[PDB]
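What follows is the content of entry-v2.cif, which has mmCIF, C-alpha atoms and all ligand atoms; chains and numbers go by the auth columns:
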data_run
loop_
_atom_site.group_PDB
_atom_site.id
_atom_site.type_symbol
_atom_site.label_atom_id
_atom_site.label_comp_id
_atom_site.label_asym_id
_atom_site.label_seq_id
_atom_site.Cartn_x
_atom_site.Cartn_y
_atom_site.Cartn_z
_atom_site.B_iso_or_equiv
_atom_site.auth_seq_id
_atom_site.auth_asym_id
ATOM 1 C CA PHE A 1 35.011 76.174 -73.176 0.00 1 V
ATOM 2 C CA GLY A 2 36.089 74.833 -76.569 0.00 2 V
ATOM 3 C CA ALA A 3 36.217 71.174 -75.539 0.00 3 V
ATOM 4 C CA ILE A 4 34.341 68.464 -77.417 0.00 4 V
ATOM 5 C CA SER A 5 31.898 68.061 -74.518 0.00 5 V
ATOM 6 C CA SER A 6 31.128 69.691 -71.179 0.00 6 V
ATOM 7 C CA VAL A 7 30.940 66.349 -69.325 0.00 7 V
ATOM 8 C CA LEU A 8 34.209 64.962 -67.990 0.00 8 V
ATOM 9 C CA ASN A 9 32.904 61.379 -67.925 0.00 9 V
ATOM 10 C CA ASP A 10 32.046 61.457 -71.639 0.00 10 V
ATOM 11 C CA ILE A 11 35.501 62.802 -72.501 0.00 11 V
ATOM 12 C CA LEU A 12 37.102 60.142 -70.307 0.00 12 V
ATOM 13 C CA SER A 13 35.126 57.200 -71.699 0.00 13 V
ATOM 14 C CA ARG A 14 35.431 58.357 -75.322 0.00 14 V
ATOM 15 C CA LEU A 15 39.106 59.321 -75.715 0.00 15 V
ATOM 16 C CA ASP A 16 42.508 57.981 -74.753 0.00 16 V
ATOM 17 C CA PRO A 17 44.506 60.065 -72.231 0.00 17 V
ATOM 18 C CA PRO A 18 47.006 61.528 -74.748 0.00 18 V
ATOM 19 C CA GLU A 19 44.216 63.113 -76.814 0.00 19 V
ATOM 20 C CA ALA A 20 41.730 63.742 -73.983 0.00 20 V
ATOM 21 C CA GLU A 21 44.359 65.729 -72.065 0.00 21 V
ATOM 22 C CA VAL A 22 43.800 68.800 -74.260 0.00 22 V
ATOM 23 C CA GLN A 23 40.038 68.760 -73.689 0.00 23 V
ATOM 24 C CA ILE A 24 40.482 68.220 -69.946 0.00 24 V
ATOM 25 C CA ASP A 25 42.941 71.123 -69.846 0.00 25 V
ATOM 26 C CA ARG A 26 40.490 73.432 -71.622 0.00 26 V
ATOM 27 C CA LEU A 27 37.735 72.448 -69.185 0.00 27 V
ATOM 28 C CA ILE A 28 40.098 72.995 -66.244 0.00 28 V
ATOM 29 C CA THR A 29 41.054 76.452 -67.509 0.00 29 V
ATOM 30 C CA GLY A 30 37.430 77.495 -67.958 0.00 30 V
ATOM 31 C CA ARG A 31 36.245 76.162 -64.608 0.00 31 V
ATOM 32 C CA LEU A 32 39.218 77.648 -62.744 0.00 32 V
ATOM 33 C CA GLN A 33 38.552 81.042 -64.328 0.00 33 V
ATOM 34 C CA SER A 34 34.885 80.862 -63.311 0.00 34 V
ATOM 35 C CA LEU A 35 35.796 79.846 -59.756 0.00 35 V
ATOM 36 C CA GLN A 36 38.296 82.700 -59.417 0.00 36 V
ATOM 37 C CA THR A 37 35.681 85.177 -60.643 0.00 37 V
ATOM 38 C CA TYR A 38 33.194 83.843 -58.089 0.00 38 V
ATOM 39 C CA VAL A 39 35.752 84.035 -55.274 0.00 39 V
ATOM 40 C CA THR A 40 36.683 87.633 -56.112 0.00 40 V
ATOM 41 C CA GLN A 41 33.022 88.673 -56.212 0.00 41 V
ATOM 42 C CA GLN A 42 32.442 86.942 -52.874 0.00 42 V
ATOM 43 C CA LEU A 43 35.441 88.719 -51.338 0.00 43 V
ATOM 44 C CA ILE A 44 34.170 92.135 -52.439 0.00 44 V
ATOM 45 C CA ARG A 45 30.639 91.415 -51.208 0.00 45 V
ATOM 46 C CA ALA A 46 32.044 90.133 -47.906 0.00 46 V
ATOM 47 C CA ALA A 47 33.987 93.372 -47.467 0.00 47 V
ATOM 48 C CA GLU A 48 30.784 95.341 -48.059 0.00 48 V
ATOM 49 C CA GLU B 1 27.466 42.087 -95.476 0.00 1 Z
ATOM 50 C CA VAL B 2 29.259 45.462 -95.697 0.00 2 Z
ATOM 51 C CA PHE B 3 32.869 44.672 -94.755 0.00 3 Z
ATOM 52 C CA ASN B 4 32.831 41.199 -96.331 0.00 4 Z
ATOM 53 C CA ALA B 5 31.031 42.022 -99.572 0.00 5 Z
ATOM 54 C CA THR B 6 31.770 41.522 -103.265 0.00 6 Z
ATOM 55 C CA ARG B 7 30.700 44.840 -104.838 0.00 7 Z
ATOM 56 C CA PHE B 8 31.867 48.283 -103.723 0.00 8 Z
ATOM 57 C CA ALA B 9 30.269 51.328 -105.317 0.00 9 Z
ATOM 58 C CA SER B 10 32.160 54.101 -107.078 0.00 10 Z
ATOM 59 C CA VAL B 11 33.834 56.824 -105.041 0.00 11 Z
ATOM 60 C CA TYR B 12 31.497 59.619 -106.150 0.00 12 Z
ATOM 61 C CA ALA B 13 28.570 57.253 -105.497 0.00 13 Z
ATOM 62 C CA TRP B 14 29.883 55.788 -102.235 0.00 14 Z
ATOM 63 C CA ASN B 15 27.441 53.301 -100.739 0.00 15 Z
ATOM 64 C CA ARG B 16 25.983 54.290 -97.355 0.00 16 Z
ATOM 65 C CA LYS B 17 24.210 51.701 -95.207 0.00 17 Z
ATOM 66 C CA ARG B 18 22.500 52.396 -91.888 0.00 18 Z
ATOM 67 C CA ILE B 19 23.232 50.290 -88.798 0.00 19 Z
ATOM 68 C CA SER B 20 20.768 50.236 -85.893 0.00 20 Z
ATOM 69 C CA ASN B 21 19.075 47.778 -83.518 0.00 21 Z
ATOM 70 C CA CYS B 22 21.960 45.356 -83.024 0.00 22 Z
ATOM 71 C CA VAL B 23 25.131 44.835 -80.984 0.00 23 Z
ATOM 72 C CA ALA B 24 28.447 45.764 -82.602 0.00 24 Z
ATOM 73 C CA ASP B 25 31.800 44.233 -81.633 0.00 25 Z
ATOM 74 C CA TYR B 26 34.544 46.537 -82.915 0.00 26 Z
ATOM 75 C CA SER B 27 37.316 44.742 -81.005 0.00 27 Z
ATOM 76 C CA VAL B 28 37.406 41.848 -83.479 0.00 28 Z
ATOM 77 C CA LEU B 29 37.752 44.325 -86.352 0.00 29 Z
ATOM 78 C CA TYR B 30 40.437 46.434 -84.668 0.00 30 Z
ATOM 79 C CA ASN B 31 42.514 43.448 -83.523 0.00 31 Z
ATOM 80 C CA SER B 32 42.345 41.729 -86.920 0.00 32 Z
ATOM 81 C CA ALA B 33 45.421 41.862 -89.146 0.00 33 Z
ATOM 82 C CA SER B 34 43.324 41.987 -92.332 0.00 34 Z
ATOM 83 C CA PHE B 35 43.069 45.792 -92.201 0.00 35 Z
ATOM 84 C CA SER B 36 46.147 47.850 -93.066 0.00 36 Z
ATOM 85 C CA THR B 37 44.554 51.127 -91.905 0.00 37 Z
ATOM 86 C CA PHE B 38 42.368 51.680 -88.828 0.00 38 Z
ATOM 87 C CA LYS B 39 42.202 55.213 -87.435 0.00 39 Z
ATOM 88 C CA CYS B 40 39.467 56.897 -85.409 0.00 40 Z
ATOM 89 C CA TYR B 41 38.653 60.583 -84.912 0.00 41 Z
ATOM 90 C CA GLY B 42 36.749 61.820 -81.873 0.00 42 Z
ATOM 91 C CA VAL B 43 37.081 58.434 -80.148 0.00 43 Z
ATOM 92 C CA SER B 44 39.861 56.030 -79.396 0.00 44 Z
ATOM 93 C CA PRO B 45 40.059 52.670 -81.203 0.00 45 Z
ATOM 94 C CA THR B 46 39.993 50.727 -77.914 0.00 46 Z
ATOM 95 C CA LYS B 47 36.877 52.397 -76.450 0.00 47 Z
ATOM 96 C CA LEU B 48 34.202 51.550 -79.044 0.00 48 Z
ATOM 97 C CA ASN B 49 33.394 48.287 -77.257 0.00 49 Z
ATOM 98 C CA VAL C 1 21.224 47.423 -57.003 0.00 1 R
ATOM 99 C CA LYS C 2 19.599 50.297 -55.118 0.00 2 R
ATOM 100 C CA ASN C 3 20.274 52.391 -52.005 0.00 3 R
ATOM 101 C CA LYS C 4 24.059 52.039 -52.389 0.00 4 R
ATOM 102 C CA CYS C 5 26.708 54.363 -53.810 0.00 5 R
ATOM 103 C CA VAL C 6 27.730 52.510 -56.976 0.00 6 R
ATOM 104 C CA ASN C 7 29.232 53.209 -60.374 0.00 7 R
ATOM 105 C CA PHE C 8 26.509 52.918 -63.012 0.00 8 R
ATOM 106 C CA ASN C 9 26.670 52.648 -66.812 0.00 9 R
ATOM 107 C CA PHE C 10 23.079 53.119 -67.990 0.00 10 R
ATOM 108 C CA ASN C 11 22.992 52.527 -71.762 0.00 11 R
ATOM 109 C CA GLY C 12 26.362 54.216 -72.236 0.00 12 R
ATOM 110 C CA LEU C 13 25.719 56.981 -69.673 0.00 13 R
ATOM 111 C CA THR C 14 28.412 56.487 -67.042 0.00 14 R
ATOM 112 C CA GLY C 15 28.449 57.973 -63.567 0.00 15 R
ATOM 113 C CA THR C 16 28.543 57.402 -59.827 0.00 16 R
ATOM 114 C CA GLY C 17 25.817 57.741 -57.232 0.00 17 R
ATOM 115 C CA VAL C 18 22.879 56.193 -55.410 0.00 18 R
ATOM 116 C CA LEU C 19 19.972 54.837 -57.448 0.00 19 R
ATOM 117 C CA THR C 20 16.556 54.885 -55.793 0.00 20 R
ATOM 118 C CA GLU C 21 12.862 54.538 -56.569 0.00 21 R
ATOM 119 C CA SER C 22 11.548 57.666 -58.285 0.00 22 R
ATOM 120 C CA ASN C 23 8.287 59.404 -57.439 0.00 23 R
ATOM 121 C CA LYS C 24 8.571 61.368 -60.693 0.00 24 R
ATOM 122 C CA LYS C 25 6.684 60.105 -63.739 0.00 25 R
ATOM 123 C CA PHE C 26 8.275 60.193 -67.191 0.00 26 R
ATOM 124 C CA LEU C 27 6.308 60.570 -70.393 0.00 27 R
ATOM 125 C CA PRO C 28 6.742 57.540 -72.717 0.00 28 R
ATOM 126 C CA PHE C 29 9.350 59.298 -74.843 0.00 29 R
ATOM 127 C CA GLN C 30 11.776 60.696 -72.229 0.00 30 R
ATOM 128 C CA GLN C 31 14.868 58.706 -71.271 0.00 31 R
ATOM 129 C CA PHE C 32 16.568 60.789 -68.565 0.00 32 R
ATOM 130 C CA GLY C 33 15.966 63.899 -66.487 0.00 33 R
ATOM 131 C CA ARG C 34 17.968 66.923 -65.409 0.00 34 R
ATOM 132 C CA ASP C 35 17.839 69.410 -62.547 0.00 35 R
ATOM 133 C CA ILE C 36 17.438 73.189 -62.679 0.00 36 R
ATOM 134 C CA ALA C 37 21.225 73.360 -63.108 0.00 37 R
ATOM 135 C CA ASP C 38 20.968 70.662 -65.833 0.00 38 R
ATOM 136 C CA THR C 39 22.683 68.055 -63.648 0.00 39 R
ATOM 137 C CA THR C 40 21.574 64.515 -64.476 0.00 40 R
ATOM 138 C CA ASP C 41 18.988 63.423 -61.910 0.00 41 R
ATOM 139 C CA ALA C 42 16.990 60.466 -63.265 0.00 42 R
ATOM 140 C CA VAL C 43 17.406 57.597 -65.703 0.00 43 R
ATOM 141 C CA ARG C 44 15.096 55.105 -67.405 0.00 44 R
ATOM 142 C CA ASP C 45 16.116 51.460 -67.116 0.00 45 R
ATOM 143 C CA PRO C 46 16.736 49.969 -70.593 0.00 46 R
ATOM 144 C CA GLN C 47 15.526 46.543 -69.395 0.00 47 R
ATOM 145 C CA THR C 48 12.712 47.474 -66.983 0.00 48 R
ATOM 146 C CA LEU C 49 11.479 50.870 -68.289 0.00 49 R
HETATM 147 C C1 LIG D . 12.863 41.931 -72.681 0.00 1 U
HETATM 148 O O1 LIG D . 12.314 43.170 -73.054 0.00 1 U
HETATM 149 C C2 LIG D . 10.943 43.288 -72.730 0.00 1 U
HETATM 150 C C3 LIG D . 10.400 44.548 -73.366 0.00 1 U
HETATM 151 O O2 LIG D . 10.975 45.676 -72.748 0.00 1 U
HETATM 152 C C4 LIG D . 10.784 43.244 -71.207 0.00 1 U
HETATM 153 O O3 LIG D . 9.427 43.264 -70.830 0.00 1 U
HETATM 154 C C5 LIG D . 11.382 41.949 -70.670 0.00 1 U
HETATM 155 O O4 LIG D . 11.393 41.916 -69.268 0.00 1 U
HETATM 156 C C6 LIG D . 12.818 41.779 -71.159 0.00 1 U
HETATM 157 N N1 LIG D . 13.346 40.501 -70.760 0.00 1 U
HETATM 158 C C7 LIG D . 14.514 40.326 -70.116 0.00 1 U
HETATM 159 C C8 LIG D . 14.862 38.891 -69.802 0.00 1 U
HETATM 160 O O5 LIG D . 15.253 41.246 -69.800 0.00 1 U
#
Represent the supplied structure as structure tokens.
Amino acid sequence: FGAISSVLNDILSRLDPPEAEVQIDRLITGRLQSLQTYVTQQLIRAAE
Amino acid sequence: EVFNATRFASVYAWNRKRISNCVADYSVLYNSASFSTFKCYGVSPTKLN
Amino acid sequence: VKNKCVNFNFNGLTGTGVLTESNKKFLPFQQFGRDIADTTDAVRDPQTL
């Protein structure tokens, strides 16, 4: 999702918090968007 | 042999040496007052160890 | 230590979980394995292979 790596542990063990915050935020945005998409699809399928 | 050396090559012919199969202690380099510039990109200076 | 939920740092690969004897066999060039969803699932011991 634009971050340096897709693994949170690598980001945590490689960078200090002030600079790793941006990467964590990008990962959070991407994963939250994916989860919301999944939940909406599940709601529609559940209605069907 | 690289940090504490006598000859440093020219800028356009910068000398590259490969480091492998050893244990590196970057804390002694970072905490030393001999260096007037120590900045890391893609990693923090305290996490190399 | 096996059969206990522990934090592990295998050759720089950090994580948390339970380490156990593996029935899988690794070819003598592979270091770690991944699932169908690419989640890390196995690791080769740097000191015991
Ligand atoms: C040293 O490494 C060798 C080769 O992998 C291994 O057989 C041996 O058990 C190791 N020794 C110790 C003390 O870890």
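In chain R, the set of residues within 10 Å of chain V (atoms considered: all atoms listed in the file) is residues 12, 13, 14 and 15 of chain R.
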Compute the chain V side of the contact with chain Z at 6 Å, counting only C-alpha atoms, and hand it back as a PyMOL selection string.
chain V and resi 14-16
For ligand LIG 1 (chain U), list the contacting residues at 7 Å or closer, counting only C-alpha atoms and all ligand atoms, as a PyMOL selection string.
chain R and resi 47-49
Best match for closeness to residue R:42 among R:17, R:22, R:1, R:7, counting all atoms listed in the file:
R:22
When you draw a straight line from atom CA of residue R:40 to atom CA of residue R:8, how long is it in Å?
12.7 Å
If we count only C-alpha atoms, what is near stretch 33-47 of chain V at a cut-off of 12 Å, once residues fewer than 6 positions away on the same chain are taken out, given as JSON, numbers by chain?
{"V": [1, 26, 27]}
Let me have the centre and edge lengths in Å, one decimal, of the box along x, y and z around every listed atom of stretch 19-27 of chain R with 6 Å of margin on each side, as AutoDock Vina command-line options.
--center_x 13.1 --center_y 58.0 --center_z -63.1 --size_x 25.7 --size_y 18.8 --size_z 26.6
